[PDB]
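Enquirer: fold the following for me, if possible:
(9 chains, ligands or ions: 1)
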Amino acid sequence: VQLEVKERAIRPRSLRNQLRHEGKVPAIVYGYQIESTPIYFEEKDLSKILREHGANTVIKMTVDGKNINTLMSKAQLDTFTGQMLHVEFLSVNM
Amino acid sequence: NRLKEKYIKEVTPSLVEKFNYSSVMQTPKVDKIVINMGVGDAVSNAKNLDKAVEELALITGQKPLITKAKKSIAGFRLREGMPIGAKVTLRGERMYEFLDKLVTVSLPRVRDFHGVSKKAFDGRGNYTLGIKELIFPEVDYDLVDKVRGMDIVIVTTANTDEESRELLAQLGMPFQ
Amino acid sequence: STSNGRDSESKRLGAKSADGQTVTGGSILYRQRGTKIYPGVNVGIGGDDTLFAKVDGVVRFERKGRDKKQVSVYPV
Amino acid sequence: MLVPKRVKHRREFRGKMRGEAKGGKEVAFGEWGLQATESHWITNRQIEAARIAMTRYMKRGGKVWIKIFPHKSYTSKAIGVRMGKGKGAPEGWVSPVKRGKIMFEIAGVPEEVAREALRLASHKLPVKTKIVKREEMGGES
Amino acid sequence: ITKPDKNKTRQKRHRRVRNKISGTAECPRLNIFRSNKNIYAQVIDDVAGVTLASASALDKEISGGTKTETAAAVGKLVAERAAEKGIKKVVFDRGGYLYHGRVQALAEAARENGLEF
Amino acid sequence: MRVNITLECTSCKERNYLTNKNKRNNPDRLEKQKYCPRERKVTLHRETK
RNA sequence: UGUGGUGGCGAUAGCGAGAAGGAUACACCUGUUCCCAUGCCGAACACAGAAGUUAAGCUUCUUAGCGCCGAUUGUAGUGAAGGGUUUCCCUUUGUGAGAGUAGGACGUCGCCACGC
RNA sequence: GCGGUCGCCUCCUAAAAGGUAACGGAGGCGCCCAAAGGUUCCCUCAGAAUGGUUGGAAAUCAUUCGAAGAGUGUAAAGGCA
RNA sequence: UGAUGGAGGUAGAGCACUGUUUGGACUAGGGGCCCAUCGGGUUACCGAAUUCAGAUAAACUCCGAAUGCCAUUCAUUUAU
Ligand SMILES: [Zn+2]
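Expert: Numbers count the residues shown, from 1 in each chain, chains lettered A, B, ... in the order given. Here you go:
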């Protein structure tokens, strides 16, 4: 119902090095009624859904309007980190 | 012959009734007989090939081929280009007459009558029968002095075991 | 005491002409050993699989569907 | 001096390698695994030591997964031979591990024996470690 | 038993003949097509792909049985419809065929009536 | 085994051509309808004895 | 519009699976005396024929099971500019692949002939 | 110094044009074919499954699947259905 | 310098091929030991045919980068 719904830029170039330090999760969405955007996230809002709601349950991205029903596809990190990278959302509708 | 008129009169329409072909063009037929005589001993003696070609030319109406080697193996003691066997293709009316001879003459010259061996099954209308021996009227004791045999490979246009069995059965082939 | 260290010599393959040159008669375009590029308009294959330029003009490279490529010359 | 894990060659010699970085390659079979955090060669015999320090806390078997295997070879000269002639004789069988290939995996046993086994395993390998589950897994069939 | 249908091999031999030279800008093709009953002919350029003159076997005017008899007639009619448009140096397609009839009659009748080979 | 060999115009008698043979496969003297430069005419050439 | 012949355009044209048709046409199909042919064989090749049939091929239509074409993201790598240990890692500015896909896709265009 | 090597041809090292050294890592050469050449026609492979008299896992056969898993005089790359 | 065009198998991915290899399922029948002295073949590797997930490479490739490189009756600046 509510998440970290933000937007990004086309090529935010190598500033992403600093995104590795001060704690942001860059994320990815592409689907049916909206083609493709990248969206910010933080790690303290989705692992709580992974524990509480589960690893493969429904996420409702909201643009203060109609629903966007995404699901996880892949999130594999670099090792010896314990922090999120490469979150590919993937929406399949109702 | 006998068998073509058997097709045109009696063999076809009962087989049509058993399976209800919407066209007469789906009557399965008989094409080929392939006859082979693998020797192996002729590598030792080139005079072994002097007689099998004569025997096959007497039984058929054709001189058979002289088959190649296709391999080079010393564990079977063969180079390339080695004359080993002999093919006979058969088409047309000599097909039917040779099958007539097989029905009337060959099968009642078999020791220990038990029936034609069934298990040549192969699914797709391909029954082969090994022949071991003097099972033919155009053969003498004083001519044939070896224990050579024959080979039959009849290939049809059928698609089941059952239609192939009934093609061979309404024309003859007394199985077990 | 090593049983190695013996060499061929560099026989200097590779394209010797760009796209859009002004090319005279007969000059070499792309020297092969083995058919990596087929010829096209006004280009022949030598004994050692080279490529010519018969008609004076402009070298341009193309495709042959998916696999392999062509050289051809178009005059003025 | 016996090698636990030999190969079949195709080639006596290889170049001395150059390792930088990898990632990913999560826990797949078992339930408890290390992660190398550094970059070195790891030889044959260290894997023998890791096997034995794994198993001699394990009781009645359990589950042991080895996910790293030697492939490449070393050479060395004699003592006192000058620089000069061709490469040394091939001796040993080594394979490098970058930042994060999981070393081994365990399952079927509760955590305490597992963490003892992984501490015993980690003190016989020259690389710093951690301990990982199937921690964050959306793919679990 | 599979029986490979005969147009497949005819087209294979076409493709292994056509890849030398069509060359049909001012010296166009001929074309030769069997059936079990008839014969067809076209005269095509490249790469317009346009037949400039054509004649069937037995769809316009017949002579006799569907034979070399017809083949001489078609070899008449193709060149008689051709040289009105001013064509001189035509190139044969062999099709995928050989020369024991029904084609060389077309060839010879193409030779006499005004087409150079 | 294989020896260098020169040919011979059978009319004007000049050593025109040169080739190679394997003289256990072919012990004889060859006969080819080669060309003659001095006559401008096809001439049956043979091995020099 | 159908049917046949014949062309380019990267399989987005294919494969597999399912259905219908014989106006004309194509093909199977009946033969071999004739031109021809079989390293044996009218199976092919070549020559003649109109008894039979949509059965197969061929043509039309359905299917995203298989194969193919696949945006935008991100991430790995890297030019230039830097900084600490120099085994190697990190930071600004430019450029970004492969895997993963949402999606597309059971063709498009050209000429001639015969019917319609 | 004792050993090894001295001309030519393929591949890697070679930093995706060309070039590039080391007593770096690997294999060959000092021929052969009168057709193993030229032209013109015709053809498509290795294997695998299933039956078949001597017949053996594996000779000769027959059917089906099969883009190559074959071959190409000779070493290796690059090509060629 | 900027624009445009192609030559190509380097970094990284690196599975499709060729090499090296980790655990599961399946039998086709090797199963030495069988019950045996007439059908059940009991255990094991289940190896090859497969079929799953998972690694890997200077002389592995289904793919594939920045950069330099070759050219243009191209544009600007400069002096060879
Ligand atoms: Zn003379």
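Enquirer: all contacts plus neighbour counts: C-alpha atoms, from now on.
Expert: OK.
Enquirer: of all of chain F, which residue lies closest to the ion?
Expert: Distance from the ion to each residue of chain F (Cα to the ion) is smallest for residue F:12, at 4.1 Å.
Enquirer: same question for chain E.
Expert: In chain E, no residue comes nearer to the ion than residue E:117, which is 36.5 Å away by Cα to the ion.
Enquirer: roughly how far apart are that residue and residue E:84?
Expert: Noted for residue E:117: a distance of 18 Å to residue E:84, by Cα to Cα, to the nearest Å.
Enquirer: compare neighbour counts for the two and give me the winner.
Expert: Neighbours were tallied for residue E:117 and for residue E:84 using other Cα atoms under 10 Å in any protein chain shown; the higher tally belongs to residue E:117 (12 against 9).
Enquirer: let me see the contact set for the residue of chain F closest to the ion.
Expert: The contact partners of residue F:12, taken as Cα atoms under 8 Å, 6 or more residues apart in numbering or on different chains, are residue F:38.
Enquirer: in which helix or strand would I find the residue of chain E closest to the ion?
Expert: Residue E:117 is part of no helix or strand when elements are defined by DSSP states H and E.
Enquirer: wait, it sits on residue E:108?
Expert: No: here residue E:117 does not reach residue E:108: they are 9.8 Å apart, not a contact under Cα atoms under 8 Å.
Enquirer: any idea how many residues pack against residue E:25?
Expert: Close neighbours of residue E:25, defined as other Cα under 10 Å, add up to 12.
Enquirer: quick check on it: phi, psi?
Expert: Residue E:25 adopts backbone torsions of phi -110, psi -50, taken as degrees, to the nearest 10.
Enquirer: contacts only, for it.
Expert: Residue E:25 neighbours (Cα under 8 Å, 6+ apart): E:45, E:46.
Enquirer: quickly note the distance from it to residue C:56.
Expert: 21 Å.
Enquirer: check residue D:127 too.
Expert: 67 Å.
Enquirer: show me what contacts residue E:10?
Expert: Counted by Cα under 8 Å, 6+ apart, residue E:10 has contacts E:95, E:96, E:97.
Enquirer: point to the residue nearest the middle of chain A.
Expert: For chain A, residue A:27 is the residue whose C-alpha lies nearest the centre (Cα atoms, centre = their mean; 4.0 Å).
Enquirer: which element is it on?
Expert: Per DSSP H and E: strand A:25-30 holds residue A:27.
Enquirer: still on that earlier bit, if we only consider the contacts of residue E:10, which is nearest to RNA strand I?
Expert: If you rank the contacts of residue E:10 by distance to RNA strand I using Cα to the nearest atom of the strand, residue E:96 comes first, at 33.6 Å.
Enquirer: can you get me a residue count around the closest one?
Expert: Residues lying near residue E:96 (other Cα under 10 Å) number 18.
Enquirer: wait, it sits on residue E:8?
Expert: No: contact between residue E:96 and residue E:8 fails when scored by Cα under 8 Å: they sit 9.9 Å apart.
Enquirer: which stretches of chain E form helices?
Expert: Applying DSSP state H to chain E gives helices spanning E:6-18, E:68-82, E:104-112.
Enquirer: with chain D instead?
Expert: Assigned by DSSP H, the helices in chain D fall at D:45-55, D:111-122.
Enquirer: and the closest residue to residue D:57 other than its chain neighbours, how far is that from residue E:67?
Expert: In this structure, residue D:57 finds its nearest non-sequential neighbour in residue D:117, 6.2 Å apart by Cα to Cα, 6 or more residues apart in numbering or on different chains. Distance, residue D:117 to residue E:67, using Cα to Cα: 93 Å.
Enquirer: look at the two and report which has more neighbours.
Expert: Between residue D:117 and residue E:67, residue D:117 has the larger neighbour count (other Cα under 10 Å), namely 21 against 17.
Enquirer: spit out the contact partners of the more buried one.
Expert: D:53, D:54, D:55, D:57, D:58.
Enquirer: excluding chain neighbours, give the residue nearest to the residue in chain B that RNA strand I sits nearest to in space.
Expert: Here the residue of chain B nearest RNA strand I is residue B:122; by Cα to the nearest atom of the strand that distance is 16.4 Å. Excluding the flanking residues, the one nearest residue B:122 by Cα to Cα, 6+ apart is residue B:161, at 7.6 Å.
Enquirer: surely that neighbour meets residue B:123?
Expert: Yes: counting by Cα under 8 Å, residue B:161 sits close enough to residue B:123 to count as a contact (5.1 Å).
Enquirer: more neighbours, those two?
Expert: Remark: of residue B:161 and residue B:123, residue B:161 carries more neighbours, 16 against 13, as counted by other Cα under 10 Å.
Enquirer: can you give me the buried ones in stretch A:46-66?
Expert: For stretch A:46-66, a neighbour-count test (16 or more other Cα atoms under 10 Å in any protein chain shown) marks A:46, A:55, A:58, A:59, A:60, A:61 as buried.
Enquirer: quick one: which of the residues you listed is nearest the ion?
Expert: Distances from the ion to the buried residues of stretch A:46-66, taken by Cα to the ion, are shortest for residue A:55, at 97.3 Å.
Enquirer: what separates that closest one from chain D, distance-wise?
Expert: Distance, residue A:55 to chain D, by Cα to the nearest Cα, to the nearest Å: 5 Å.
Enquirer: list the contacts of that residue.
Expert: Residue A:55 touches A:49, D:136, D:137, D:138, counting by Cα under 8 Å, 6+ apart.
Enquirer: in JSON lines, list these along with distance to residue B:100.
Expert: Output for the contacts of residue A:55, formatted as JSON lines (distance: Cα to Cα, whole Å):
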{"residue": "A:49", "distance to residue B:100": "84"}
{"residue": "D:136", "distance to residue B:100": "79"}
{"residue": "D:137", "distance to residue B:100": "75"}
{"residue": "D:138", "distance to residue B:100": "74"}
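Enquirer: just give me the longest strand of chain D.
Expert: Longest strand in chain D, counting residues (DSSP state E): strand D:89-97.
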